[PDB]
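See structure below.
Laboratory data are not the source of any read-out in this text; all were calculated from the coordinates shown. Every residue, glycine as well, gets a Cβ built from its backbone with ideal geometry; the counts of neighbours run over all protein chains shown.
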Amino acid sequence: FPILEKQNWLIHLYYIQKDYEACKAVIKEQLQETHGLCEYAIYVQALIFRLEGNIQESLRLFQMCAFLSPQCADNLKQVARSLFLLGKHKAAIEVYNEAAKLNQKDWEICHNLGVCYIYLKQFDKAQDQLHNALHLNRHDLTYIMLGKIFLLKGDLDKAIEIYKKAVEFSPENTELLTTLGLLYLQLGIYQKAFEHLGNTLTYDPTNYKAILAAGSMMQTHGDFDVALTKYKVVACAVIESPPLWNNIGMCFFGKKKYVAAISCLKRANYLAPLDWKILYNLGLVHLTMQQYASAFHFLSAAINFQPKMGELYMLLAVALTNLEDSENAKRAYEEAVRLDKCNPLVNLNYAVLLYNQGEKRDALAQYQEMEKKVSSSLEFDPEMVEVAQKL
Amino acid sequence: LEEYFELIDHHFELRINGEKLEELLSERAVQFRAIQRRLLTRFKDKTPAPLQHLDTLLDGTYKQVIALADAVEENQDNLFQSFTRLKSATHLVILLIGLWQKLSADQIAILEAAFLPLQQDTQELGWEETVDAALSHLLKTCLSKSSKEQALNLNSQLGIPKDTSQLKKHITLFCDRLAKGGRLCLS
Amino acid sequence: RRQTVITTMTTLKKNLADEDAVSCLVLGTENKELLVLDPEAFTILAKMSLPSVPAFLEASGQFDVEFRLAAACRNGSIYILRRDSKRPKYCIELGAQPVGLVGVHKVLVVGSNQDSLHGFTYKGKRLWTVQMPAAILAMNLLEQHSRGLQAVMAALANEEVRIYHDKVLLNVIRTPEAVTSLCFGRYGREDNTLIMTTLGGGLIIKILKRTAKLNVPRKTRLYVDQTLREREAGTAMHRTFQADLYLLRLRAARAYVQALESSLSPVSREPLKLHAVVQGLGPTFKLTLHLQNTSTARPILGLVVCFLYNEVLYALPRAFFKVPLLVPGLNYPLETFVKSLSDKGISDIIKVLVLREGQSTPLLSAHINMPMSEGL
Amino acid sequence: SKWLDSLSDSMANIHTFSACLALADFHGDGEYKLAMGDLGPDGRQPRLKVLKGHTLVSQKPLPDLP
Amino acid sequence: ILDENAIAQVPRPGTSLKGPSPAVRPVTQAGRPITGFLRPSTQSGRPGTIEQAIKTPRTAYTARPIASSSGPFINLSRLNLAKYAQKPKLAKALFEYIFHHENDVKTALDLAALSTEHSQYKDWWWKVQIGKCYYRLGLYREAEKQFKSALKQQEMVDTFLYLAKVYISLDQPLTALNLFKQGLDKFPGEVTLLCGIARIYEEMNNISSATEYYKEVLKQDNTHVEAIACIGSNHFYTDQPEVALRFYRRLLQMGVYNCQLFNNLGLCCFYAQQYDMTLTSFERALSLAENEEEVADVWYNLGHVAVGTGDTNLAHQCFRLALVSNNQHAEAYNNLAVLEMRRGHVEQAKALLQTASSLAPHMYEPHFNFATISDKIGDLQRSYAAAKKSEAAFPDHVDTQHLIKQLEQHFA
Amino acid sequence: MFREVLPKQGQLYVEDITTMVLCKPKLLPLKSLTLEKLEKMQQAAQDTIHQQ
């Protein structure tokens, strides 16, 4: 006969100030007095459990709260969310459906159905559900999940529009700006990428995920010292990260500091022995340093990690040409020219190998293949014309 | 399914009593160790001093520890007897299920594997958790078509439960979904 | 009957809005309803329907002609109530449950559970957001009419209180303990009193004065000599390393085939994984075999474990036993009690074979070097 | 140093909230008191306490938590 | 655990015994990176409770498996020690026999007491022997008394090292260091004293002085296996494998012929980029290994060489052989699970990472990888329970922090 | 007399992706002389026990 929810306000005020100690005591007292049926000493207790690592007792207590209020869309939403926090997404979908047939006007059900169908690789239903989630109430996370769908399924041609429309409003989210800048890097545009990365860096100066891409873009267009300073900005925050040290080694390899680049690249390779980019960089630098015994080793590793590349086999063949193994260089160059489409350096180097082998016959074939493929490198220009005039 | 559940409940009551006896023996052993360390400190010291009846507390704690050890031994014996009787009962129940429906040798072997898992109980794996996991999985992959129940009720773990209601629910549900026409499989 | 409880309560101005005006109550029932009361607290003037239980309330204006009622609910949302609207129809979600609500003459601040403030407009469009270094325990209003300063406060959980105007911080204070409630008004006889209560109790009353480069490694002579040797003798190194790699592949394949023959791999279609742990000194050791089925969804029905020991050194009670139905994903600990029989310390290996019941070749195996006895 | 400190005490068990604590005039004559419905030291004993100056003048029990 | 002798219970961090991060240097406990030159005095951390010490591997806190506490030529119960004590020529050898052969500390102490009273307490040797009897009976202060009284008679390196042991047993590093510097003031260039100073500095884990003192040992000895091994390991792990290769080629030059030395030479040769002498060293190692754990470690390192070369199948075989040879090899489990998830088999990787994290909880890689794969598929509860244990293992990690932030954000 | 031309630009990471880390190569610690002597004296007793 006492009032059922006597102290829901006090429990809510203790839980909302991040106490979780006095709130639990008041929850226990209320439940002991009311013998259950409170529906908010169980709800807040389950939310507290979910705040801790445990997502099992949270699911149990949300089940009890759903049993108490069988027609209450929020309880079904919370139970499906406790499912989705575990690995079960089909059951999460089937509980979100019931939560939707009691409330057809909320964005959370549609956003969560989208993120579930994403984990279930059902992209039509996920895409349509997230379009709905936008139309009900546009949120940043729905935009992010839609961009993720359009990236996984197809091309950036569908993601650039969504990310631009997303950053259009609420443009202070670093994730949206940075992801749109990254997707600009993924395409030919290097200017708007710099624009959005600088927009991010104004808000957060020490953003590691943005500093990395900005330094990459800088390294691409020379001026290695600016990228080196960008990396100095974040070096202490991430002192052991293979990508940072790989980019720093490429910085030091740009300005002819080959030893201080081998150092950084080997350090990054030790912290990630399965990363083909660092292996390719080590092979390239050991080629430039004229060592030709470690270059082959690192390039063969990077081949064994990403075999469907053209430049890898070209560099391995250049390492084999100076290792007194010309037949292996022949077959490696054949692999490369078969596996390369838009890099004439491979063709020119194979023409050089052939002409140095005394053939001069197939060297013309490789020269014609290169000239069909084609344009900026200063030293690939001269050998282009020298192997031409001398053939 | 009803004179069979009482044996399960007797077994589980013995298991819970054993866990309580062991967590009490833990505290008694900790007390004994603390008083023993105090006495060792009094021993290493040169200067004489009253024992302050520390030896009496040690004797009392030792009596408590011996009593609890004997209690745990007797509970282990009772638990073993209950486990053997439960093995006989579940043998009979699998027999009556394989006759009550025209169960072939394959499904009878599956049932014998799921219901007769162990030879005795240990402080890490018991009959309840193992048969519960096996039955939850057999209902998950063969006899259920709703994913909501598959994820809510039909889950499997290997920790000692706090009640036997889930096991009994799963056994009754197994017999039920066999009655409607279900059949067992492995893949 | 099913009554309700009142949780939030503020007042609302009738027509004058001065120090002598008449104010009317506004109650927030636990049932999702807002009761706009009478000047003398006996009859109802209005009943407003809200979609969720309110937690915080803000009343702006005069009730008869221009009232604005902002309600921070438990579902993490601010609902505004205007004239003629029984339902808000202008809602704003915060993403986190609002821990406070203070109304500035034009901007409405909402304190988030994410340790920040969010200034919105009374139409339902956020205009700014500021980040706090720690949690927000209580937000009140600091208003002095001499300088016209009407700024929101913040009782942060990091033992400080910072007064916030539109965007700038000022007059940040410190406290010996984090503070749960702050009030600013004409307490005593001072127009600028601020009284604050510590999370642990106690009171702190403050009177405001009216006169307000990298770690790139180094390389020594050893490195340049080694690189010179590599540059002058790279071909021999390449050839001999390739020969060594060929011989290493040969020997690794040899040992892998020998292990497959003896079936000595504790990890080996037919998915399983077993490893045996030994625990305890003294003549009696606890030997627990952790066995696991590693497959998507396929149980393994007929398996059995057989121990191989030296019957003169170890007394295994049950050196052979069936294993339960192995459900994919669960580690089954199957334990036994090994006991050393030798009066002298002798450590001998114990083999374990997991095998089908219709086959005679072990599915997999494991080894355990039993430690010394420390007997009696 | 804009905030002139007046009183710092730690024995006053005042576990109120930012909404159940309000100051106003309560006997005229331009002397504002501060009335607060304070919970128990834990939340068991609802007690209404009013403050004038910085000494407690009246605390009296309350039916339920304000 | 059951013996408390340190005066201070919670002394200042830096004055009690009770560098490269776990992302580079392998570890044995929550901290305590792996050392060179295992000596039978290594404690390398200590357990908290008897249960934890029992339920862990027997050789995870000592170079040897932990115990519970640390015809015949002559029958000890037949001879009257009061008559052999009169003859010191017999008494000294008889005490050495009783103490080091029969291990009868009580009768040894009886003989030593009668002998010391026969010599009117004027020979430091009997004082040192009584002090040793005490020290292994448990009485440290009663042993420090005799060691001090023996130092007063005649300074010897023996008594200095004995007092160092006594002081380290009472958890007093800064007293042992002052005593060692006093001894070096007596003996200006002793190698054992400098090595004890370096051991104490490494137990306190400030390597920047242990390297200096090991370098002093080198300036004195230059064949010291301890200092050479320690400086070599430190040189290898701080991304300078060529200097470590030199330091280990030194031990190779001095006739040392082990399985550990040759595997070390292989790691150094490969990581210092000397591909001609790399795999033959691993072959000599596999040849010299007198165990099943040494063979497993050599196969583990060969798998590391292979995965650095590419050809993940060879590394797969080497890790599986490391498992075949030592079933409780957690690094092999972790690496084999990484290669499995590289192939695609997620459940195999999950089970193997669970096994690794069950065998070695103090490691951070199995927990981090399990949390990563879980989060990749979902199961944010398991991801949290694993990333939190990762943060418990390597608390200054970076990816673990981002994982925990993302998880705690998903929970609201 | 033509020398093969090598690209002057390496591969640069443009995002940090959480990859499963491997355990690190383990330098087998050497032993002392006392430890070797103790282990050999411990195993010699076993050998004599088995050889009687």
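3J(HN,Hα) along segment C:143-156: 10, 10, 7, 4, 9, x, 8, 10, 10, 7, 9, 7, 9, 6 Hz, from the Karplus curve 6.51 cos²θ - 1.76 cosθ + 1.60 with θ = phi - 60°, whole Hz, x for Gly and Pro.
Each distinct pair of alpha carbons in segment C:4-212 adds a 1/r term; the inverse of their mean, the Kirkwood radius, is 17.9 Å.
Taking 23 Å as the limit for the C-alpha separation, the pairs A:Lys125/C:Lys89; A:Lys121/B:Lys145; E:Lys350/E:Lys376; A:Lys232/A:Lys256; C:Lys13/C:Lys47 exceed it in the case of A:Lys125/C:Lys89. Backbone amide hydrogens, once placed in the peptide plane, bring C:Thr129 within less than 5 Å of C:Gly119, excluding anything fewer than 5 places away on its chain.
Diffusion coefficient of chain E by Stokes-Einstein, Kirkwood radius over Cα pairs, 10 °C, 1.306 mPa s: 64 µm²/s. Shape class for segment C:20-125, computed from the alpha carbon gyration tensor (a ≥ b ≥ c): prolate, with a/c not under 1.5 and a/b above b/c.
In this simple spin-label approximation, C:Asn31 and A:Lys105 carry label points 7 Å from Cα along the Cα→Cβ vector, and these lie 2.0 nm apart. The radius of gyration of the Cα set in chain A, together with its Dmax, comes out at 29.7, 106 angstrom. Residues whose amide H comes within less than 5 Å of that of E:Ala30, counting only those at least five positions distant or on another chain, are absent (H built at 1.01 Å from N in the peptide plane). Do any trypsin sites (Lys or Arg not before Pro) in segment C:23-122 lie in a DSSP loop with no more than 12 other beta carbon atoms within 10 Å, and if so, which? Those that pass, being in a loop and sparsely packed, are C:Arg83, C:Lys86, C:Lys89, C:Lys106.
Note on D:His54 and C:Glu357: their simple-model spin labels are 8.3 nm apart, each label 7 Å out from Cα toward Cβ. Given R0 = 35 Å, the distance between the Cβ atoms of F:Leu33 and E:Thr15 translates into a calculated FRET efficiency of 0.65. Only helices enter the 222 nm calculation for chain A: every DSSP H run of n ≥ 4 contributes -39,500 (n - 2.57), and dividing by all residues gives -22500 deg cm²/dmol, rounded to 500. Partner shielding of A:48-59 amounts to 3, given as the average count of beta-carbon atoms from other chains within 10 Å of each residue beta-carbon. Computed 3J(HN,Hα) for segment C:67-78, one whole-Hz value per residue from the Karplus formula 6.51 cos²θ - 1.76 cosθ + 1.60 where θ = phi - 60°, is 10, 10, 10, 8, 10, 8, 9, 7, 6, x, 7, 10, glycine and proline marked x.
Expressed in Å, the radius of gyration and Dmax of the Cα atoms of segment E:174-257 are 13.3, 39. Toward the positive end of the charge dipole of segment E:91-142, with +1 on the Cβ of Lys and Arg and -1 on the Cβ of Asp and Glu, the farthest Cα among E:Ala108, E:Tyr134, E:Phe95 is that of E:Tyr134.
In this calculation the C-beta distance from C:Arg83 to B:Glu3 is compared with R0 = 56 Å, giving a FRET efficiency of 0.20. Cα-based values for segment E:1-157, radius of gyration first and Dmax second, are 20.5, 64 Å. Charges at C-beta only: +1 for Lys and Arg, -1 for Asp and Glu. How large is the resulting dipole of chain F about its Cα centre, in Debye rounded to 20? Taking the Cα centre of chain F as origin, the dipole is about 200 debye.
Peptide C:95-102 has a mean shielding of 3, counted as Cβ atoms of other protein chains within 10 Å of each residue's Cβ. Using only the Cα atoms of segment C:213-268, build the gyration tensor, take square roots of its eigenvalues as a ≥ b ≥ c, and label the shape rounded, prolate or oblate: rounded if a/c is under 1.5, else prolate if a/b is larger than b/c, else oblate. Verdict is oblate for segment C:213-268.
Calculate how steeply helix B:5-44 sits against the longest principal axis of the alpha-carbon atoms of chain B, using the helix alpha-carbon long axis, and give the answer as 0 to 90 degrees to the nearest 10. Computed tilt is about 20 degrees. Charge dipole (Cα centre; +1 on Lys/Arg Cβ, -1 on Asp/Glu Cβ; no other charges) of segment A:149-289 amounts to roughly 500 debye. In terms of its Cα atoms, segment E:342-396 spans 29, 22, 16 Å along the principal axes, sorted from long to short.
Given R0 = 51 Å, the distance between the Cβ atoms of A:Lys372 and E:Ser208 translates into a calculated FRET efficiency of 0.25. Shape class for chain D: oblate, because the ratio a/c of the largest to smallest gyration tensor axis (alpha-carbon atoms, square roots of eigenvalues) is 1.5 or more and b/c is at least a/b. With one equal scatterer per alpha carbon and no solvent term, the Debye-computed log10 I(q)/I(0) for the protein assembly as shown at 0.05, 0.06 1/Å reads -0.55, -0.80.
Of all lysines in the structure, those lying under 22 Å Cα to Cα from E:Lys127, and not within fewer than 8 positions of it along the same chain, are B:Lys44, B:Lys46, E:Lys83, E:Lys87, E:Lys89, E:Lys92, E:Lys106, E:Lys145, E:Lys148, E:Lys152, E:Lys165, E:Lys186. Think of the protein assembly as shown as having a plus end and a minus end, set by charges on the Cβ of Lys, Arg, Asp and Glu; of B:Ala105, D:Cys20, B:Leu58, D:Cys20 sits farthest toward the positive end of this dipole.
Taking θ as phi - 60° and the Karplus parameters 6.51, -1.76 and 1.60, the scalar couplings of segment A:279-285 work out to 5, 4, 5, 4, x, 5, 5 Hz in sequence order, x denoting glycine and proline.
Residues within the reach of a label modelled at E:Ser41 (point 7 angstrom out along Cα to beta-carbon, backbone nitrogen below 20 Å), restricted to segment E:95-124, are E:100.
Pairs over the 29 Å Cα-Cα cut-off, from the set C:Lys123/D:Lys33; E:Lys389/F:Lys37; A:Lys360/F:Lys8: C:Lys123/D:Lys33; E:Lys389/F:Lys37.
Beyond 26 Å, the tail of the calculated P(r) for segment C:215-374 holds 50 percent of the Cα pairs. Counting Cβ atoms of other protein chains within 10 Å of each Cβ in E:28-41 and taking the mean gives 3. Per residue, the convex hull spanned by the Cα atoms of chain C measures out at 413 cubic angstrom. Each 10 Å bin from zero holds the following percent of Cα-Cα pairs in segment E:229-287: 29, 58, 13. Its residues counted as N, chain B yields a C-alpha radius of gyration over 2.2 N^0.38 Å of 1.49. With labels modelled as points extended 7 Å from the Cα through the Cβ direction, what inter-label distance (nm, one decimal) is found for F:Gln46 paired with C:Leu169? With each label point 7 Å from Cα toward Cβ, the separation is 6.5 nm.
Simple rule: put +1 on each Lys or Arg Cβ and -1 on each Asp or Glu Cβ in the protein assembly as shown, find the dipole, and look at B:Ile8, E:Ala229, E:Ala63; the Cα lying farthest toward the positive end is E:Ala229. Taking max minus min of the alpha-carbon positions on each principal axis, segment E:304-403 gives extents of 34, 25, 22 Å, largest first. Axis angle, to the nearest 10 degrees, between helix F:33-51 and the longest C-alpha principal axis of chain F: 50 degrees. Under a cut-off of 15 Å between alpha-carbon atoms, report the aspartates and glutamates in cross-link reach of A:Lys88, not counting same-chain residues fewer than 8 places apart. Correct list for A:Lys88: B:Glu149, E:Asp375, E:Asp379.
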